[PDB]
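The chain below stands alone, shown as structure tokens; this is the form deposited in one PDB entry.
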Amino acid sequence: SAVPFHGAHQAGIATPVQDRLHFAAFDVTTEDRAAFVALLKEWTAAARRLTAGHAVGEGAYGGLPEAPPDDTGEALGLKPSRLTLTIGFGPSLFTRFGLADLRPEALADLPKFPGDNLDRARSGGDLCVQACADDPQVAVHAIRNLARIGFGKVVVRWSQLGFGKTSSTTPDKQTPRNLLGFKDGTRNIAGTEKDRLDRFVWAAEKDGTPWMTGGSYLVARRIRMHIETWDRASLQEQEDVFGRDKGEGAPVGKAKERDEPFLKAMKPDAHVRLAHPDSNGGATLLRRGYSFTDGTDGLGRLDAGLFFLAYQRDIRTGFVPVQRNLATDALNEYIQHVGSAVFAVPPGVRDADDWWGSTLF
């Protein structure tokens, strides 16, 4: 029911993927380094209470009547729900507090990509908090209360709700389907693969930025799907687009979902064939994204898609080469990237005396 908050790494990267997501990006409003470090300590203490299922501060009630409650209360009665809280620092953070020379070279600005249509209001951010849990209300309460505590030092720049499987009704041994109806996550780095995480996900000391050892680099892309167009495509177009069949998720010519793919049998611009590490010099990503449906836009269309999150040891050798290879992806007909951000995700909170960001400040 709970996931331990402390560790060499932050939880919520290699740990079991929870049902729900509330992702929030913050901009910093203070110039005062001390004030920000104070806020980071306060957030860490709150993160400890939240991930264990307790209220923030002195609780949601029973305090002084003429004081506002420390905790806004909407998670009273709920369980920890495998809540994890992962914080990241955006490139723009390093223009403040005199940190410019501490920006990791692996925290690269993303190039412009063919077909990008990025909404500036839902891109970027000085820092982020990824809140995952099986109960969406536990996740929202976490973000809500962190924002309330940071008020006057940070504001919320943009926020994204997402969902994956519903674990109570779905087996953990079952690959979830994205909103295009294809199994999603078959060939991925799993949290059990310690040496693949070491090779592809975690920052190493030798990498050139010592404060980031044990950390990772995060790319977030808000990816709209053109649902109504996709759904008018023939079953064979859809399967041609990915290089797997829809029902079982097996590579073309093979029988089972987990049969290793034969890339020659796929069309040259099939998504799997272009995304595969063999087509990208070995480049390999940990994908940990979530589906979203935000409503319907002004033309009656379903505002829905994939909130794509990738973790990698170096953005220059993970997301960027692979996304570049998707220039000609047949999937591009049906999707559009409309938001984007990158973050340095620092190492974990080692113990009760540690705090978010301690190796950097």
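What we label the rigid core is the largest C-alpha set whose atoms superpose within 1.5 Å from one form to the other. When you see a residue number, it is the position in the sequence shown, counting from 1. Shifts are known only where both forms have a C-alpha.
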Of 316-324 and 294-302, the one with larger mean CA B-factor: 294-302
Stretch with the higher entry mean CA B-factor, where the candidates are 138-146 and 265-273: 265-273
Candidate residues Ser123, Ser159, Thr209, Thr86, the one whose C-alpha B factor the record puts highest: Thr209
Residue selected from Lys256, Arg82, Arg222, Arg288 by maximal Cα B factor: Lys256
Relative C-alpha B-factor of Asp184, binned into the chain's lowest, middle or highest third: lowest
Entry-reported Cα temperature factor of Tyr217, expressed as the chain third it lands in: lowest
Third assignment of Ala204 from its chain's C-alpha B-factors: highest
Lowest, middle or highest third - CA B-factor, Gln130: lowest
Modelled-residue ranking by C-alpha temperature factor, third containing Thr72: lowest
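Heads up, the form deposited in another entry isn't pictured, but that's what we're talking about next.
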Position that moves between this form and the one not shown after core superposition, taken from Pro114, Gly152, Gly98, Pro171, with Cα shift of 2 Å or more: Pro171
Cα distance between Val138 and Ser167, which in the other entry differs by 3 Å or more from this form, closer or farther: farther
Direction of C-alpha distance change in the other entry, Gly247 to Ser167 (at least 3 Å): closer
Runs in sequence order between this form and the one not shown, three or more residues long, with CA shifts of 2 Å or more on the rigid core: 163-172
